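Student: First the structure, which I've put down as structure tokens, then a few questions once you've had a look.
Note that each Cβ is placed from the backbone with ideal geometry, even for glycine, and that neighbours are counted across all protein chains shown. Bear in mind these aren't lab numbers, they're just calculated from the coordinates by the rules spelled out.
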Amino acid sequence: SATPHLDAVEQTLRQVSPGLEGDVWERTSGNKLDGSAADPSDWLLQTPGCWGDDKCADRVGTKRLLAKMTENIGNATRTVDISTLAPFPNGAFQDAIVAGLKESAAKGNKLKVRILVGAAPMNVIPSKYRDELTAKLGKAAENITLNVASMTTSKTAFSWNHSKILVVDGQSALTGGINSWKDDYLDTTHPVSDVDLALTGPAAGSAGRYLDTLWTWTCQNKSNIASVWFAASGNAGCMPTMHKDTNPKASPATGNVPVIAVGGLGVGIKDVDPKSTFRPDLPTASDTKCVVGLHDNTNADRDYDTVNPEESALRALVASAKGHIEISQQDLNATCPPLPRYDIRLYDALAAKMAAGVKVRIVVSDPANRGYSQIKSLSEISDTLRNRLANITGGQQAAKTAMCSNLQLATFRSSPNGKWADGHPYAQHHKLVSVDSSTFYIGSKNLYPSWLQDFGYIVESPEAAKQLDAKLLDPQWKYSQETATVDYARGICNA
């Protein structure tokens, strides 16, 4: 095949979540990574994009991210569809949305707009955000039908929307890890380092079907104050199926890029995919669950996987690698309680790969951040990998040799300095996996245990994967390798 990695992932997802194909995951062809003529890798909406400068003076990433947001929204003719994690967008993110909506209005378009945030359980937040937006729009609000909502799907599982998506006309989609939070990303001399992608094509429709899934639940639960706080313009109702109702089911082709869209429904929306007959083997005994009483959805709940295909898709992406795997995350491990510390099957898949000589790079955020870190030491990652490798290499000594011959494990820096020039540690927030300079995931879904609604794209294009290397992964490794505890390429093995 032209696409051996997507082929593998697709076969898994069809076993795991068949009833969800089309809506919560979907393979499409004919997409385009939507970069400029001048700088074609700029589909890759990294932020801040100030490599090598501990002052972050020239934020070429941030500038491109905001311009692209405004451009896509300003090209809207029918719909704008936005999800994120609360707080609601502010500062220049908000400015970007308003500028775009004013542009669309000035071109003569009447739009439907949904803006959905996951929260944390008398909430005036949504009505307040609607009113602020309508005010800032002025006249341009007259032809916008607006829906604004905050939602929590499960209080006990800490489940709510964590996806960050911006779909226009079901044709263009921006998604990734970036929260629209000005103080963390923008008005700061220690900006969080993160990444979204920009695409067009049928895969933008997959995002639109994903958001209709979320809004169908939200609108159903709109009179439940515990679950949903909803606010709309004028007389307008909740729009559960804006995408279905307004955009073509058959989104126009824009390129030749194959993509798998994959999301998750968390906990509290739908408990199982009744069509699934997936029954995987439970992994070998681990020490992931810190307390006996905790219900562990990541490692001990078969029904959970079936409505959360993204967990399996990321494990399947790892399992598809023939040569090398690069992972860039905030964390690999979660704080326990109330989550288990780690995804056992993920670490098992990384271990299987290193046992077979496939190289693995893991960069996480500096533990000095601990919001943007959930470990105290990199040894919490290496110990776990070593322990899972021991199960398959015959013991602890062999495990450590395998690990040291195949792992790069470090914390993130973006310049020669150990911290930003302002004294604050570098924080990263990517949810990035790339394999074989071929196929990569950019989305909201963390690899650490998490039971939220999330979404992302897995893209198979060596062209694009090489741009990703040159523009993000190579510079990341250039500066971050100085913190490595394990680095096979340099004979470093301190774990």
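Student: Find the relative contact order for segment 375-495 and round it to a whole percent, using C-alpha pairs within less than 8 Å whose residues are 6+ positions apart.
Tutor: 30
Student: For segment 43-255, build the charge dipole from Cβ charges (+1 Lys, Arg; -1 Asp, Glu) around the Cα centre, then report which of 154, 101, 215 sits farthest towards its positive end.
Tutor: Result: 215, furthest along the dipole toward the positive end.
Student: Place a +1 charge on the Cβ of each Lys and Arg in the chain and a -1 charge on the Cβ of each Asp and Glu, then give the dipole magnitude about the Cα centre in debye, rounded to the nearest 20.
Tutor: Once rounded to the nearest 20, the dipole reads 340 debye.
Student: For a test of the definition: using alpha carbon positions, the gyration tensor, and the 1.5 limit on a/c, classify segment 182-238 as rounded, prolate or oblate.
Tutor: Judged from the Cα gyration tensor, segment 182-238 comes out oblate (a/c at least 1.5, b/c at or above a/b).
Student: Please report the antiparallel percentage of DSSP beta bridges with both residues in segment 43-255, rounded to the nearest 5.
Tutor: So the antiparallel bridges amount to about 60 percent of the total.
Student: Can you give the extra length, in nm with one decimal, that the chain gains between residue 128 and residue 244 once fully stretched, where that is 0.36 nm per residue apart less the Cα-Cα distance?
Tutor: 39.0 nm
Student: Using only the alpha carbons, work out the radius of gyration and Dmax of segment 43-255 in angstrom.
Tutor: 16.7, 52
Student: Give me the net charge of residue 367's neighbourhood, meaning all other residues with Cβ under 10 Å from the Cβ of residue 367; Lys, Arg count +1, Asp, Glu -1.
Tutor: -1
Student: Then there's this: Which three extents, in angstrom, do the Cα atoms of the chain have along their principal axes, listed largest first?
Tutor: Result for the chain: principal-axis Cα extents of 69, 52, 48 Å.
Student: Any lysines with Cα under 27 Å of the residue 128 Cα? List them, leaving off those in the same chain fewer than 8 positions away.
Tutor: Hits, sequence-local ones excluded: 68, 102, 110, 112, 136, 139, 155, 164, 182, 222.
Student: State the antiparallel share, in %, of DSSP beta bridges confined to the chain, rounding to the nearest 5.
Tutor: Among the beta bridges of the chain, antiparallel pairing accounts for roughly 65 percent.
Student: So for segment 1-104, taking the charge dipole from beta-carbon charges (+1 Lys/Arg, -1 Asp/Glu), which of 28, 11, 65 sits furthest toward the positive end?
Tutor: Positive-end residue among those listed: 65.
Student: Magnitude of the Cβ-charge dipole of segment 1-129, K/R +1 and D/E -1, about the Cα centre, nearest 20 debye?
Tutor: 600
Student: A further question on this structure: Quick one: net charge of residue 389's neighbours, Cβ under 12 Å, K/R +1, D/E -1?
Tutor: Once positives and negatives cancel, what remains is +2.
Student: If we sort 229-238, 40-49 on the protection proxy, mean other Cβ atoms within 10 Å, highest first, what's the order?
Tutor: Listed from highest to lowest mean packing, they are 40-49, 229-238.
Student: Which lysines have a Cα less than 17 Å from the Cα of residue 471, not counting those fewer than 8 places away in the same chain?
Tutor: Result set, ordered by chain and number: 63, 431.
Student: Shifting gears a bit: Under the rule of -39500 (n - 2.57) per DSSP H run of 4 or more residues, summed and divided by the residues of the chain, what mean residue ellipticity at 222 nm is obtained, to the nearest 500 deg cm²/dmol?
Tutor: Computed ellipticity for the chain at 222 nm equals -9500 deg cm²/dmol.
Student: Sticking with this one: Express the relative contact order of segment 389-431 as a whole percentage, based on alpha carbon pairs under 8 Å and six or more residues apart in sequence.
Tutor: 22
Student: For residue 400, go through the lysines and keep the ones whose alpha-carbon is under 26 Å away, minus same-chain ones fewer than eight residues off.
Tutor: By straight Cα distance, residue 400 reaches 289, 322, 353, 359, 376, 478.
Student: Ok, one more. Using +1 at the Cβ of each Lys and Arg and -1 at the Cβ of each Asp and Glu in the chain, identify which of 339, 91, 47 lies farthest towards the dipole's positive end.
Tutor: In the chain, that residue is 91.
Student: Report the Cα centroid-to-centroid distance between segment 45-60 and segment 95-119 in angstrom, as an integer.
Tutor: 28
Student: Ranking 302, 14 by Cβ neighbours within 10 Å, fewest first, what do you get?
Tutor: 302, 14
Student: A further question follows. Using a 10 Å cut-off on Cβ atoms, rank the peptides 242-249, 87-94 from the highest mean neighbour count down.
Tutor: Highest to lowest by the protection proxy: 87-94, 242-249.
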